[PDB]
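Down below is the structure, laid out as structure tokens.
Coordinate-derived values only; no laboratory data. Note that each Cβ is placed from the backbone with ideal geometry, even for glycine, and that neighbours are counted across all protein chains shown.
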């Protein structure tokens, strides 16, 4: 900084001064509150990233010449620096016939995922006859392993493997992120890797457990001490950048070891195809994500979400040092929390990333994006912005106070937290499965029994404080006064609206990101009462009853109220006759 | 010159589950540190489903030192090694729970604030700026019921200890750097003192300084009340419980099991929860499913109950006497949660 | 310039932008040189100050075709079989113009001629397939290269070229000297002149005539800010046609023909080998074969695609068990029900595929086809001229 050069044409010299620029980052919320399923812009202004006045530049992770990238973090991800500065070596050779890279497969079986890692090395014609060794460094906030080498691109040169030693990290270090997935009420593990900088065709990644040294590595034949050394995560994938769901076998393998966790050392092994050359700098990213709750999930200490998010912002113009990005988050509800789809659905690395919120995030816990910066005074000083992510209290209403037979009844739910996507209309549907406690209710067939109630239930409709359900299953054999069962008793009256599931009732969001859901159906003349709700399937009465003179109610369960706690709300109305 | 401030001036005394004691099974606390549900719901001996889950105090510590705000628009941390000390003192004797300021380390509780090597002691870890431009730093630390000076009062606890070190063990040596005296146990009593001291490495004069805040542990007796005396059958009643014992965390709204309350009448005697007589839980239709705070720091819990028609296939009469009973394990009388009990009552009528 | 000079990229709607491997047609229409039996002088036409060589056609109009050098090379590398996908034919050096075409092309970065190489020498015979990275073209082409060619007309990016004026009396072929003037099946016409252009920079086309010059300026940049999809309605009843319209400047590769694109859109095909992909001219605008299906998924980054070259579809969004949308044959595609078992019906979108291309467009992997509404419009649709969409709502939809 401060030094210059001098260029001269036409006997008029001009200085070329070198200087640094102060950066500014600021999240810009479109309206007063950042709610679920809304994209808001993130803007960075740093002239130090505008390295070309005639081109528009992107902050790509994979490019070593982009020195800084914005990052957002929640909970405790397991990044590649979790045990301090790693150690990396590249190698040429071939997989052994007993190697997990040649025998394993991703089929959720110990036979496929769990093995040991053996290889034969031929680096005798390599420079100085040693495996390529690297100088390692780690970004403060973006967590990117940058390895410096001597650039080789010759037709002779080629590498096949990469072995990383993750510093001091052991299974104790890993187990504080990765969950059991068998002894947790709701738990999912995810692995995020980016090795685009290597220009490989196929990649395979395995986690290594051992009581010895990750480096130097030893095959099973020399060291006959451990039953297994490798756990397979990805096998011969064609994507250099992916965000994958780990199988149960991986979580079963991590907790399966009989040895105490402190003695076992952990590390990464990789297999490549088509890496013909190495540049002076290459980047590697590898993380573990975890999502879920434990026990009831009612207490805050019992809910967890571990993830890191990187923003690859884009230059607005050619010579505008302004870089533009967006964030969006999905607030978890009782339905999507049970599905691994919602957690694997987010995009962790992008110009427009998304991240999961397990509860209300305000004050010190508000999501914040950090940007490490080189200032005009020459010292490295980060800049950051945060924005709160509140939860909303839901209301449910019924359009009229009194209904008559065959009147349209319209149900609306005003919960902003139920909007999970800003581009698409959000829809919730009724469950038809006689083997689950969430039958003829709006929710999910997947369910669990917890303190607050049933986890797969979001909305249902009742006559006289009893679930309005169709007489189907195994417990519908009661005939009542006569010898006709309640199901055929309804059919003789021409009624097809036997319950809420049979009207085709669905909750449909009015707009793409309105946060208001509407459904409708028509009141029937007759209905079949549920005798006992404590059995699955329900036990139905033997005689149909008129709906006239009975109250109608709708019940909504908010998984997240204004404080992030479970509460149930409702509305009522009266069915009349003339 | 820095300042340090604690979350609250007064704190509830924390408790534990039956899994903490090695004592033989019993239908009563029997001098253990547990908070059982009402007796009418207890099945033979006390088992995991018949007491409130483990009650661990969570406190928040804030240090207001602008000198650690190097970055005026960016995150910072209090990086000064072991600059914060958290200790529990009872008269002369003291116990130091841990340090903050340095990278987090597995360690043990210190007895008497006396131990030669500071590396042996638990470190809570580096604190974090509440906002990029705030200049204020916060720590969250969890205090269990076993953390304090050794005393004779707690010999009744056949305590199994949570191993702070890497090892798995239930001995006092695993959690404390010094073993307890024979016939004594480590515990918190009513009237104990919680202090935090901050060692500001640069004060207004440019030298070291020590600033401190203090708080007390205490137990109070509960007040149980309703919106009105007389209710029509099938109407909704608002039920309110004032137990300051239960505001363990200020930041969150705490949830407590509804089985704590007793319903006894001519119709039936029941706990109004999942442990009541068959079909009693559905007969009340609670909203929400159980007690809940009316804000982050109120110590006031509310529940909405529907007056039943028929509790146990027996229908209620007009003017019937109804008694609501709550057993406050940990009254003003008790020294620890367990020990003595006090019963608080409410009477309500059908019209 | 709208008096005598016409350039394809001149569109007010898209603000004169051009992007990707697309070819640009320059046409001169003037009454001074419109005769075809007299040897009038070639009109003087330049792009960024470099000469564009113009061939006369039977309509008395002068034609020339150009493209960016690196984009032609990168796109040509995808065309693994000849005259299919984005084939520019064979890449020759600037010096090769005299020996191959019969006239000088020295103020160009390179030329693309529609032949095939029989004798794949290192020097004297050009490059068939192009470079995935691009760069300078150095391989030359000679007269003996043309005669040895075993398949003429291998260019697939220009398919609708007017006939070169014939050799009568003083007049040569195309009035400038083409060695073989059979259009779209011969070795010389059409041909693309390659120019090195500046991304985010202007491109200027000029015509110099007596009494003043006509100019047209174009921008060479990514065009995802002009791309969008529109549906015909908001709410769809049970056996409706789903009429989807795509407008994208990038998708109009051919300036003279109707461009056809085919997509693998099934986002829930989870087979490890499967990927969402894009294919070029798997069909015609009249629903014929029109060539093989060649992968473009890993090359779209290098062809200036910014999130705007990919179509994906989810038939059952809420996973209710009843699929809302299915696919059907129409007049601009050849779709076949590969699972013809009685156990399935026409509501199974995963039971349709393309018969000739089953590796990547087989059973599952819902193939979707779009066709250009006009030779040089940039507006695509799933409807055909009988109003039969590819996408239809299922009969049992909820």
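Listed values, structure above:
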read-out	value
Calculated P(r) of segment C:1-94 - Cα pairs past 14 Å, %	72 percent
Exposure proxy ranking, count of Cβ atoms within 10 Å, fewest first, for A:88, A:232	A:88, A:232
Space enclosed by the convex hull of the alpha-carbon atoms of segment B:250-294, per residue, Å³	76 Å³
Centroid-to-centroid separation of segment B:294-337 and segment A:325-376 [C-alpha atoms, Å]	41 Å
For C:97-104, mean number of other protein chain Cβ atoms within 10 Å	0
Estimated [θ] at 222 nm from DSSP helical runs (n ≥ 4, -39500 (n - 2.57)) normalised by residues in chain A, nearest 500	-1000 deg cm²/dmol
Residue order, fewest to most beta carbons within 10 Å, for B:292, A:560	B:292, A:560
Enclosed volume per residue, in Å³, of the convex hull spanned by Cα atoms of segment B:294-351	143 Å³
q = 0.11 Å⁻¹: log10 I(q)/I(0) that the Debye formula gives for segment B:99-251, counting C-alpha atoms only	-0.66
Kirkwood-type radius of segment B:1-55, with distances r between different C-alpha atoms, in Å	13.2 Å
Chain B: relative contact order in percent, alpha carbon pairs under 8 Å with at least 6 residues between	19 percent
Distance cut-off 15 Å, percentage of C-alpha pairs in segment A:1-42 lying past it	66 percent
Projected-area average for segment C:40-156 over all orientations - Cα convex hull basis, square nanometres	7.7 nm²
Cα pair distances exceeding 33 angstrom across chain C, given as percent	36 percent
Over segment A:1-94: Rg over Rh, Cα atoms, Kirkwood Rh	1.12
Chain A: relative contact order in percent, alpha carbon pairs under 8 Å with at least 6 residues between	16 percent
With 5 Å bins from 0: P(r) over segment B:178-248, alpha-carbon pairs, percent	3, 10, 10, 10, 10, 11, 11, 9, 8, 6, 5, 4, 2, 1, 0
Computed Rg/Rh of segment A:343-496, alpha carbon atoms with Kirkwood Rh	1.17
Peptide-level mean, for C:53-65, of C-beta atoms on other protein chains within 10 Å	0
Largest-first ellipsoid semi-axes for segment C:214-312, taking √(5λ) over the Cα gyration tensor eigenvalues, angstrom	25, 20, 17
Distance between segment C:116-162 and segment B:1-79 - C-alpha centres, whole angstrom	79 Å
Quotient of Cα Rg and 2.2 N^0.38 Å for segment B:152-211, N being how many residues it contains	1.69
Directionally averaged shadow of segment B:197-351, computed from the convex hull of its alpha-carbon atoms, nm²	11.9 nm²
From the C-alpha gyration tensor of segment A:427-520, square roots of 5λ in Å	28, 18, 10
Descending principal axes extents, segment C:297-398, alpha-carbon based, whole Å	44, 33, 31
Hydrodynamic radius by Kirkwood, which averages 1/r over all alpha carbon pairs of segment A:96-228, in angstrom	17.9 Å
Gap separating the Cα centres of segment A:173-249 and segment C:173-194, nearest whole Å	59 Å
Rh by Kirkwood over Cα pairs, then Stokes-Einstein D for segment B:1-105 at 0.890 mPa s and 25 °C, µm²/s	138 µm²/s
Where N is the number of residues in segment C:148-262, Cα Rg divided by 2.2 N^0.38 Å	1.57
Whole-number D in µm²/s for segment A:69-155 (Stokes-Einstein; Kirkwood sum over Cα pairs; 4 °C, 1.567 mPa s)	79 µm²/s
Chain B: antiparallel DSSP beta bridges as a percent of all, rounded to 5	90 percent
Kirkwood Rh and Cα Rg combined as Rg/Rh, segment A:166-244	1.00
Ellipsoid equivalent to chain A - semi-axes via the Cα gyration tensor, in Å	56, 33, 18
Pair-distance profile P(r), taking every C-alpha pair of segment A:495-552, with 10 angstrom steps and integer %	19, 37, 28, 14, 2
Unit Cα scatterers, Debye sum, chain B: log10 I(q)/I(0) for q = 0.07, 0.09, 0.11, 0.15 Å⁻¹	-0.37, -0.59, -0.81, -1.21
Kirkwood estimate for segment A:299-406, i.e. one over the average of 1/r between Cα atoms, Å	17.7 Å
Cα coordinate range in the protein assembly as shown, projected on the principal axes (Å, largest first)	124, 88, 65
Cβ neighbours within 10 Å from other chains - mean over A:379-386	5
